Each structure stands twice: as C-alpha cells, then as structure tokens.
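Below: the structure, in structure tokens.
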Amino acid sequence: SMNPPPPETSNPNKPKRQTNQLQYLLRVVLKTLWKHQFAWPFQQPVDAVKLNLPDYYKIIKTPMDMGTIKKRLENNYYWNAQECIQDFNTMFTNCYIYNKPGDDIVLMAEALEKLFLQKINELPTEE
Ligand SMILES: COc1ccc(CCc2nc3cc(-c4c(C)noc4C)ccc3n2CCN2CCOCC2)cc1
C-alpha cells in the first residue's frame with residue numbers, strides 16, 4: 001500500500017505561455033484556496049501510508065492536490081486554463097469518492113469547492 005510518485009510538475013517537452021487566465025488561476029484562485037483555514041490536507045499529495053488508508057490508491061487512480069497545481073502554475077506546466085480547472089475538479093472529486101457524506105474532510109472540500117466556484121466565476125476571457 002505504498003504511495004505512487006507524485007504527479008509531474010515540470011514538463012520539458014512542452015512550450016510555455018502567460019495568459020490572463022493562467023495569471024488569474026495562480027494569483028486569485030490558487031492563492032485564495034491555499035490561504036484558507038482548510039487548505040493543509042489539500043496542499044500535498046495524499047500520503048495513504050501515513051494516514052492509514054491502504055485502499056486509497058486502489059480506489060483513486062488520478063490523484064491530484066493543490067501543491068501539485070501550485071507548482072504546475074509556477075512552472076508553466078499548463079498551456080490551457082482548462083487543464084488547471086480540470087485538476088481542481090479532480091482533486092475535489094477524489095475526496096468525494098473516497099470519503100463519506102458527513103466526514104469532516106468532505107465538508108472541508110465542499111467549502112473549498114464553493115470558494116473555487118466563486119472565484120472561477122470571474123475568470124477572464126480567452127485570448
Ligand atoms: C499522520 O499522517 C499525516 C499525513 C498528512 C497530514 C497533512 C494533513 C491531513 N491531510 C489529510 C488528508 C485527508 C484526505 C484527503 C485529502 N482525501 O482523503 C483523505 C482521508 C484527510 C485528512 C488529512 N489531514 C488531517 C489528518 N489528521 C490531522 C493531521 O494529522 C493526522 C490526522 C497530517 C498527518
């Protein structure tokens with residue numbers, strides 16, 4: 001029940017660009033969630049060994065976390081804004097799959113997702 005390696009965060013065989021959407025995703029979306037009281041469980045990959053979750057990576061085959069997302073944005077790993085939005089959605093969905101309604105972590109994820117949706121509402125337009 002060991003963990004997999006973390007997701008890749010730096011892509012040498014991909015071109016890089018700054019867009020207004022990617023700027024918003026790091027400076028507004030990621031930074032607003034990262035600073036939230038509830039951010040710590042989501043700031044690095046789930047350590048299923050330390051947390052005593054031996055079936056986690058039997059159930060979750062596309063792990064994702066905000067530490068990964070932050071590094072991806074800082075490293076220009078994403079070309080399209082939708083790649084980053086999908087990673088946030090994957091992170092929340094994984095939490096909902098593994099855990100149960102009423103678990104503290106679920107309530108925490110739901111609060112962070114509401115905040116995500118409030119900030120994504122003001123994502124700027126595509127060039
Ligand atoms: C003992 O090993 C660890 C490993 C990581 C961390 C970072 C914080 C933390 N990361 C978490 C991820 C999850 C989680 C997610 C996310 N998805 O499914 C599960 C299940 C749940 C709770 C988490 N928590 C608080 C856990 N509590 C309070 C901290 O000490 C342990 C008990 C802390 C301790």
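Residue numbers start at 1 in each chain; chains themselves are named A, B, ... in the order of the structure tokens; ligands are numbered from 1 in the order shown.
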Counting only C-alpha atoms, which residues of segment 9-81 of chain A fall within 7 Å of segment 87-97 of chain A, and what is the closest atom pair for each with its distance in Å at one decimal, ordered by chain and rising number, as CSV?
```
residue,atom,partner,partner_atom,distance
A:60,CA,A:94,CA,6.5
A:63,CA,A:91,CA,6.9
A:64,CA,A:91,CA,4.9
A:65,CA,A:91,CA,5.6
```
Can you tell me which residues sit at most 10 Å away from ligand 1, counting only C-alpha atoms and all ligand atoms, written as a ChimeraX atom specification?
/A:38-53,56,60,63-65,91-100,103-106,108-109
With distances taken over only C-alpha atoms, which of A:81, A:66, A:20, A:61 is nearest to residue 35 of chain A?
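Using only C-alpha atoms, residue 35 of chain A sits closest to A:66.
Comparing the minimum interatomic distances between residue 9 of chain A and each of A:75, A:124, A:80, A:111, counting only C-alpha atoms, we find that A:75 sits nearest.
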Could you pull out the helix (DSSP H, G or I) residues of segment 10-125 of chain A from DSSP and send them as a ChimeraX atom specification?
/A:20-34,40-42,56-59,66-74,81-98,104-120
If we count only C-alpha atoms, what is near residue 77 of chain A at a cut-off of 9 Å, once residues fewer than 6 positions away on the same chain are taken out, given as an NGL selection string?
:A and (8-12 or 14-16 or 71)
Convert the current residue selection to file output with C-alpha atoms, as a short mmCIF file (atom, residue, chain, number, x, y, z; two decimals), in the first residue's frame.
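Listed below is the output, result-v7.cif:
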```
data_model
loop_
_atom_site.label_atom_id
_atom_site.label_comp_id
_atom_site.auth_asym_id
_atom_site.auth_seq_id
_atom_site.Cartn_x
_atom_site.Cartn_y
_atom_site.Cartn_z
CA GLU A 8 4.60 15.57 -12.65
CA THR A 9 5.01 19.33 -12.19
CA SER A 10 7.63 20.36 -14.77
CA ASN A 11 7.28 19.39 -18.50
CA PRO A 12 10.42 19.92 -20.56
CA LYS A 14 6.03 21.45 -23.80
CA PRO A 15 6.00 25.13 -24.87
CA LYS A 16 5.13 27.81 -22.31
CA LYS A 71 3.87 24.00 -8.80
#
```
Long-range neighbours of residue 17 of chain A as a PDB file with N, CA, C and O atoms, in the first residue's frame, 9 Å cut-off, only C-alpha atoms, 4 positions minimum in chain:
```pdb
ATOM      1  N   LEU A  22      -4.333  32.150 -16.997  1.00  0.00           N
ATOM      2  CA  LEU A  22      -3.375  31.466 -16.123  1.00  0.00           C
ATOM      3  C   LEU A  22      -2.900  32.346 -14.977  1.00  0.00           C
ATOM      4  O   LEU A  22      -2.743  31.867 -13.844  1.00  0.00           O
ATOM      5  N   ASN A  76       4.710  26.802 -15.324  1.00  0.00           N
ATOM      6  CA  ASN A  76       4.109  26.926 -16.670  1.00  0.00           C
ATOM      7  C   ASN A  76       3.859  25.577 -17.293  1.00  0.00           C
ATOM      8  O   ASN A  76       3.981  25.373 -18.527  1.00  0.00           O
ATOM      9  N   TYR A  78       0.951  24.227 -17.549  1.00  0.00           N
ATOM     10  CA  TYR A  78      -0.321  24.283 -18.276  1.00  0.00           C
ATOM     11  C   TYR A  78      -0.267  25.282 -19.424  1.00  0.00           C
ATOM     12  O   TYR A  78       0.135  26.440 -19.235  1.00  0.00           O
ATOM     13  N   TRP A  79      -0.758  24.878 -20.592  1.00  0.00           N
ATOM     14  CA  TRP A  79      -0.896  25.792 -21.740  1.00  0.00           C
ATOM     15  C   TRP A  79      -2.316  26.370 -21.765  1.00  0.00           C
ATOM     16  O   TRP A  79      -2.505  27.556 -22.075  1.00  0.00           O
TER      17      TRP A  79
END
```
Rows by chain and residue number, segment 62-94 of chain A within 10 Å of segment 29-32 of chain A, shortest pair, only C-alpha atoms, as CSV:
```
residue,atom,partner,partner_atom,distance
A:66,CA,A:30,CA,7.5
A:67,CA,A:30,CA,9.5
A:69,CA,A:30,CA,7.9
A:70,CA,A:30,CA,6.7
A:73,CA,A:30,CA,9.0
A:84,CA,A:30,CA,9.9
A:85,CA,A:29,CA,9.8
A:88,CA,A:30,CA,9.3
```
Find the residue from A:2, A:115, A:33, A:19 that sits nearest to residue 127 of chain A; use only C-alpha atoms when measuring.
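Once distances to residue 127 of chain A are computed over only C-alpha atoms, the minimum belongs to A:19.
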Test item: residues at most 10 Å from residue 21 of chain A, only C-alpha atoms, excluding those fewer than 2 positions along its chain, as number ranges by chain:
A: 18-19, 23-27, 80-82, 120, 122-127
N, CA, C and O atoms of the current selection, written as a JSON list (two decimals), in the first residue's frame:
```
[["chain", "number", "residue", "atom", "x", "y", "z"],
["A", 18, "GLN", "N", 2.18, 32.79, -21.00],
["A", 18, "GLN", "CA", 1.47, 33.52, -19.93],
["A", 18, "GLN", "C", 0.18, 34.00, -20.54],
["A", 18, "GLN", "O", 0.18, 34.45, -21.71],
["A", 19, "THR", "N", -0.91, 33.64, -19.96],
["A", 19, "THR", "CA", -2.15, 34.20, -20.39],
["A", 19, "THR", "C", -2.82, 34.87, -19.20],
["A", 19, "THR", "O", -2.54, 34.57, -18.04],
["A", 23, "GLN", "N", -2.73, 33.65, -15.25],
["A", 23, "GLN", "CA", -2.40, 34.59, -14.17],
["A", 23, "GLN", "C", -3.48, 34.59, -13.10],
["A", 23, "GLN", "O", -3.18, 34.51, -11.90],
["A", 24, "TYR", "N", -4.75, 34.66, -13.49],
["A", 24, "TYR", "CA", -5.85, 34.64, -12.54],
["A", 24, "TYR", "C", -5.88, 33.33, -11.76],
["A", 24, "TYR", "O", -6.10, 33.33, -10.54],
["A", 25, "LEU", "N", -5.60, 32.22, -12.42],
["A", 25, "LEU", "CA", -5.67, 30.92, -11.78],
["A", 25, "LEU", "C", -4.66, 30.82, -10.66],
["A", 25, "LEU", "O", -4.93, 30.22, -9.62],
["A", 26, "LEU", "N", -3.45, 31.36, -10.85],
["A", 26, "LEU", "CA", -2.44, 31.34, -9.75],
["A", 26, "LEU", "C", -2.72, 32.44, -8.73],
["A", 26, "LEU", "O", -2.78, 32.17, -7.52],
["A", 27, "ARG", "N", -2.85, 33.67, -9.21],
["A", 27, "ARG", "CA", -2.87, 34.83, -8.28],
["A", 27, "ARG", "C", -4.16, 34.97, -7.51],
["A", 27, "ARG", "O", -4.14, 35.56, -6.42],
["A", 80, "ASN", "N", -3.33, 25.53, -21.48],
["A", 80, "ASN", "CA", -4.70, 25.94, -21.49],
["A", 80, "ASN", "C", -5.20, 26.00, -20.06],
["A", 80, "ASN", "O", -4.96, 25.12, -19.25],
["A", 81, "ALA", "N", -6.01, 27.02, -19.77],
["A", 81, "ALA", "CA", -6.62, 27.18, -18.45],
["A", 81, "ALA", "C", -7.46, 25.98, -18.06],
["A", 81, "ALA", "O", -7.47, 25.61, -16.86],
["A", 82, "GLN", "N", -8.11, 25.34, -19.02],
["A", 82, "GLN", "CA", -8.96, 24.20, -18.71],
["A", 82, "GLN", "C", -8.19, 23.04, -18.10],
["A", 82, "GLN", "O", -8.75, 22.29, -17.28],
["A", 120, "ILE", "N", -13.77, 31.20, -9.82],
["A", 120, "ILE", "CA", -13.76, 30.86, -11.25],
["A", 120, "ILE", "C", -14.83, 31.66, -12.01],
["A", 120, "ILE", "O", -14.71, 31.90, -13.22],
["A", 122, "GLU", "N", -15.29, 34.66, -12.09],
["A", 122, "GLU", "CA", -14.66, 35.87, -12.59],
["A", 122, "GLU", "C", -13.39, 35.60, -13.36],
["A", 122, "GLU", "O", -12.60, 36.52, -13.58],
["A", 123, "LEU", "N", -13.18, 34.37, -13.81],
["A", 123, "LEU", "CA", -12.05, 34.10, -14.68],
["A", 123, "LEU", "C", -12.14, 35.01, -15.91],
["A", 123, "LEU", "O", -13.20, 35.13, -16.52],
["A", 124, "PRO", "N", -11.05, 35.59, -16.35],
["A", 124, "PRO", "CA", -11.17, 36.45, -17.53],
["A", 124, "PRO", "C", -11.31, 35.62, -18.83],
["A", 124, "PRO", "O", -11.24, 34.38, -18.85],
["A", 125, "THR", "N", -11.60, 36.32, -19.91],
["A", 125, "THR", "CA", -11.88, 35.67, -21.20],
["A", 125, "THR", "C", -10.59, 35.17, -21.84],
["A", 125, "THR", "O", -9.47, 35.66, -21.57],
["A", 126, "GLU", "N", -10.78, 34.25, -22.78],
["A", 126, "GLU", "CA", -9.67, 33.64, -23.52],
["A", 126, "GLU", "C", -9.20, 34.58, -24.64],
["A", 126, "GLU", "O", -10.00, 35.24, -25.34],
["A", 127, "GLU", "N", -7.88, 34.62, -24.83],
["A", 127, "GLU", "CA", -7.27, 35.36, -25.95],
["A", 127, "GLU", "C", -7.49, 34.59, -27.26],
["A", 127, "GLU", "O", -7.69, 35.21, -28.32]]
```
